[PDB]
């Protein structure tokens, strides 16, 4: 029974900074690859960033490299995504899912959680 719950998103003008969090339960968080995904209106779902089990490896898509930072806490089964220098394309409904992606940044696991809204505009 994989269950996830995201929070920490809101409305912030371009250039701002947000910090997303996610509590996980129902599976063994310590031995699983975790990822952040977002749902942009008009485009669909796309993979954003991912992190290995023991944080020995972190991956980011081209449009967020050096701008977003992913991290985890296996002790509390938490997953964090630090966003900064936000653009208009960063606007979307952010989820956290298990495993990575395939092809052109296309997530493996579809989000069953509610997600957290991130809106970027003046």
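Positions refer to the first chain, counted from 1.
The PDB entry reports B-factors from which the mean C-alpha value can be compared for 66 to 74 and 47 to 55; the larger average falls on 66 to 74. Two stretches are in play, 110 to 118 and 10 to 18, and the higher mean C-alpha B-factor belongs to 10 to 18. Ranking 86, 40, 79, 37 by the C-alpha B-factor listed in the PDB entry places 86 at the top. In this PDB entry, the Cα temperature factor of residue 25 sits in the top third of its chain's modelled residues, the highest group.
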